[PDB]
S.K.: 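My questions all concern the structure below.
Every chain is numbered from 1 and lettered A, B, ... according to where its sequence line falls, protein lines coming before strand lines. All values below come from the heavy atoms of this structure, side chains included, with hydrogens, waters and symmetry mates left out.
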Amino acid sequence: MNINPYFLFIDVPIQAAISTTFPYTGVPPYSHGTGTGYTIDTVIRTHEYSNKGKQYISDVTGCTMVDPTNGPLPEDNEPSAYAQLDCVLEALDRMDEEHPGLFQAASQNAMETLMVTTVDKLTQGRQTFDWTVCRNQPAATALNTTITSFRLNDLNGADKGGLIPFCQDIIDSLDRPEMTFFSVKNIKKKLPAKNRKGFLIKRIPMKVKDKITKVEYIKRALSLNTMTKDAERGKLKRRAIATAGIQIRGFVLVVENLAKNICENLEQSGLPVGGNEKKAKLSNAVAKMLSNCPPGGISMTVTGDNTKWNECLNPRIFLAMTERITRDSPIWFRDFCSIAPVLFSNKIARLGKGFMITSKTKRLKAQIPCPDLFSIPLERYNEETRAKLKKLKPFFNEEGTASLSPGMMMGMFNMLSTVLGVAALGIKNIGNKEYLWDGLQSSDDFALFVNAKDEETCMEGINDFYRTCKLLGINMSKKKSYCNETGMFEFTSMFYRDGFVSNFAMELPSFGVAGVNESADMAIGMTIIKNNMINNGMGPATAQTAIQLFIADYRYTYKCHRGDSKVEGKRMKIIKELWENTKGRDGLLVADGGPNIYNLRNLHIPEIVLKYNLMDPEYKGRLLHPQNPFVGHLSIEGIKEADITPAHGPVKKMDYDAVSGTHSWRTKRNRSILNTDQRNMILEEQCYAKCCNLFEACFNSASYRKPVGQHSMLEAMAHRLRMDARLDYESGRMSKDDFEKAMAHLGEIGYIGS
Amino acid sequence: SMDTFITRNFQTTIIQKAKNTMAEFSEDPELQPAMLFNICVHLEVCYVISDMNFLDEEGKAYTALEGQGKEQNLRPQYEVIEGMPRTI
Amino acid sequence: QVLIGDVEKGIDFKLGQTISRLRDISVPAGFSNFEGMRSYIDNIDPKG
RNA sequence: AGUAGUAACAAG
């Protein structure tokens, strides 16, 4: 007898056992080495889908620009970027009819939010390309290095506080004949080594000042950084992704805010809605279309997938969308919304690390950077690369970057691209034919419901929808899309079968130890179980086993096994002592070798709170010591927020409830790079930290409420301490001598700041 | 010329503190000098009331001399809240 | 006379040479400049 | 060798 795991589907419907088809206990695919191969692929493909359009040279950058918009209509089923402005405008006009005042309402709200928006908003982004160091850094770092560098070129709009005057500096910087900026360069010191090559290269990075020309700067400001996407699921081959600079982020923020306002009021938008709100919305939309089916007719659902979504979508179309959406808006705001699409229309792709050439005979390898990509004859590259570089040539720039006018490699217009998709859904019918279409749209994902007399007429509607999309630069995948009579479909990996079914496997990797700290991870771990019981059909038996598995993983991860266990370990040695020294062992946390007392009913109660009344007052005093040295300067984000990484989707932040204690620690910053002395970079970090801590010493609210003011930090700190001093002396908290010393010190500070 | 007037008659400290408080109320000094004067005068008058009026260790009101070091007299009788940034 | 005798503070957002030129070459095929694109989108009915 | 898999690691 030979077992066949697919035989389950004889007894259970595929949707009812869809979790078993997700191999999310397996290792997700990782890329090795360069992403240049994949980035060059994107540059070539993106141009292949627009090559029949207008080709010209940019008189700003000298870059090769391709414009497929209003180009010739396609004559095949290949990815088309030849979107017709007229049809886009007609799609948006039909949306405006169905949603009267929505475009002006959305534009007003977005504009009013922008007038209230401060520069610090740009720190809420993820990894950002820093044009000053030509590397990716956090949003807050890239913003700072831009603001500080902008000061060297008489651009102080950031100091005003609002986003608008900073964004004014960003577009005005493109006119500066030269740009001086703070960059980083490393000093090389050759040391001895116990290896084949015999020696070592110890690098010491230091802050420098660097000057670049207007054209050179414009190219940097228009540039995207490219890397390969790691740990992406359900795909055999890797793909290139892109990161934009800090300059464009302010403009994108407003355009996405505008699109969000529209999307919120669109009945067929799956964005920005998420989780249970999405499910309800989709379930309602399915129930509507089912009841509104002609009697004797048939309702059919297209499980829709789009192909080359980003490759084919065009910034020039988004520029038109912003124009048509902001119709009744002040010229300044229309001009503001126009910039993000315009910067994308003239964007340049950085091509990554380049290709590695090797001698198998001599056992030698070398990295050929992008600038030097054509420094060797193309016969010395493999067949795939030789072909790529030949097709890259026309779009290649001397400095190892590529021109990429068409496509949306960076993404970032998920809502506006959704608005465009909902526009297509909004057409419903062509030529008064005997069918009606509607659906749901979440970025590149769609479900199309088609109502008609027979399935033959339904197919005509699907064919008309297919064709209508091509006119907006949207390409339905015939390979990955399929159709059936309404009752079942898939949408953004959610599976419908007379209702949405649970897909437990999608959430499985999130059950692991989060990797924040032993305190947060306990709350997170228990909350994940609690939430999967509520949302993803995890029964009590599985929920309880999850508690066990989590504690097993936690104990091995944080080397904190039960005090009565005989497990060897440096921590375990002290855990074993703590176990013996403690009377109320029920009160000990699992991290202190204590017992697990979590069950289904108490998953939502912080472990310290559960065990508090069972704790020894010496243990409780140590555990919760108000001035313990393991908890540093806590931010409001620090205590509540934690980045949780799902199998499928972007890295989202989740809230957890945990009491602040000696387990609420933080790992040292990743300043552990081989043969690198970070002493200069660390001092810079410590300098900002010193200034911010001392500011928080004077203004205790700073941690909680955002401090406001266009005046100097020092001016604010001095005025506060001057009042502190005077009112400490006139109250009798401070002595006459101390007051004189204080006011003397403050006099010197008062001089330094003017 | 109105801008030239306010420059000569008033002090460099008074002008700045007025222009900075006008900026906090989102008003432009270089375009609306009507407000610039009224704030400058109001600040000048505020500083006239405060200037050289100090309080000694017994809490009595004395006046100092333009020259006496800022080490001797530490406690002005008045706190000039006008002119300071909103949040201060 | 000036003291005895409040303007509406319109939001200031000016486009420089470089960004304006970048916007002019960011228009779909058919338009000479951005002004032509803005007018078309504003004025023409694309019905049918 | 091997891991691995459109490109790397097998120290720098």
Side-chain angles (χ1 to χ4, degrees), chain A residues 53-54 56 58-61 65 67-71 83-94 111 114-115 164-165 167-168 170-176 214-215 218 221-222 314-317 319-321 323-324 327 330-336 338-339 341-346 405, chain C:
Chain A
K54 181 190 176 181
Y56 65 97
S58 173
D59 57 293
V60 187
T61 60
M65 317 298 284
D67 176 19
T69 61
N70 288 339
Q84 308 298 314
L85 181 61
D86 280 4
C87 304
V88 171
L89 290 182
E90 182 170 22
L92 288 183
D93 269 1
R94 213 202 246 73
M111 183 177 63
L114 173 57
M115 290 161 71
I164 296 177
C167 281
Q168 180 64 74
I170 289 161
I171 55 171
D172 279 334
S173 64
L174 302 169
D175 304 323
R176 283 283 185 284
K214 183 158 74 184
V215 174
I218 291 158
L222 290 166
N314 199 263
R316 303 183 207 271
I317 296 301
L319 176 47
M321 291 189 72
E323 278 305 286
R324 203 260 160 263
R327 186 106 100 184
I331 298 143
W332 82 263
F333 183 61
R334 299 196 72 190
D335 289 351
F336 197 94
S338 80
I339 286 165
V342 160
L343 288 177
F344 284 144
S345 193
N346 305 285
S405 179
Chain C
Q1 60 178 117
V2 177
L3 194 42
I4 304 291
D6 187 43
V7 75
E8 290 199 330
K9 306 106 189 177
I11 298 291
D12 191 323
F13 196 71
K14 298 164 183 193
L15 298 185
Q17 179 213 348
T18 310
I19 194 62
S20 295
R21 183 61 211 171
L22 280 170
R23 185 161 72 168
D24 284 332
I25 69 175
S26 299
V27 308
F31 305 100
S32 307
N33 50 40
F34 178 74
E35 197 269 324
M37 218 223 307
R38 173 164 283 171
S39 298
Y40 179 86
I41 289 168
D42 277 338
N43 293 305
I44 78 98
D45 179 30
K47 189 173 160 190

S.K.: Rounded to the nearest 0.5 Å, how far does CZ of C:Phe31 lie from CG of A:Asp67?
M.R.: 10.5 Å

S.K.: Just say parallel, tilted or perpendicular for the rings of A:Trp332 and C:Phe13, cut-offs at 30° and 60°.
M.R.: perpendicular

S.K.: I'd like to know which of A:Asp59, A:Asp93, A:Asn314, A:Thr61 tops the heavy-atom pair count under 4.5 Å against chain C.
M.R.: A:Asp59

S.K.: Who wins among A:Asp172, A:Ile171, A:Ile218, A:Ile339 for the most heavy-atom pairs under 4.5 Å with chain C?
M.R.: A:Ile171

S.K.: Using heavy-atom distances under 4.5 Å, tell me whether A:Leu92 contacts chain C through its side chain, its backbone, both, or neither.
M.R.: neither

S.K.: With respect to chain A, which residue among C:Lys14, C:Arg38, C:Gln17, C:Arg21 yields the maximal number of heavy-atom pairs within a distance under 4.5 Å?
M.R.: C:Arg38

S.K.: Look up atom CG in A:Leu85 and atom CD1 in C:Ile41, then write down how far apart they are to the nearest 0.5 Å.
M.R.: 5.5 Å

S.K.: Measuring heavy-atom distances to chain C, does A:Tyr56 have an atom under 4.5 Å in its side chain, in its backbone, in both, or in neither?
M.R.: side chain

S.K.: Considering only heavy atoms, which portion of A:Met115 lies under 4.5 Å from any heavy atom of chain C: side chain, backbone, both, or neither?
M.R.: side chain

S.K.: Charged N to carboxylate O under 4.0 angstrom, A:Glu90 versus C:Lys47?
M.R.: no

S.K.: So, taking the atom named CG in C:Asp24 and the one named CG in C:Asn33, what distance separates them when rounded to the nearest 0.5 Å?
M.R.: 5.5 Å

S.K.: Checking C:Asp45 against chain A: side chain, backbone, both or neither under 4.5 Å from a heavy atom?
M.R.: side chain

S.K.: Yes or no on side chain to side chain donor-acceptor pair (under 3.5 Å) for C:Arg23 and A:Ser345, after CA distance, side-chain angles and deciding distance?
M.R.: CA-CA 8 Å; C:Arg23 185 161 72 168; A:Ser345 193; over 6 Å; no

S.K.: Could you walk me through whether A:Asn346 and C:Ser26 pass side chain to side chain donor-acceptor pair (under 3.5 Å), step by step?
M.R.: CA-CA 7 Å; A:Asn346 305 285; C:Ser26 299; 2.9 Å; yes

S.K.: Less than 4.5 Å to any heavy atom of chain C: does that hold for the side chain of A:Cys87, its backbone, both, or neither?
M.R.: neither

S.K.: Considering only heavy atoms and a distance below 4.5 Å, find which of A:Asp86, A:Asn70, A:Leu174, A:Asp175 pairs most often with chain C.
M.R.: A:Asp175

S.K.: Which bit of A:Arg334 is near chain C, if near means a heavy-atom gap under 4.5 Å: side chain, backbone, both or neither?
M.R.: both

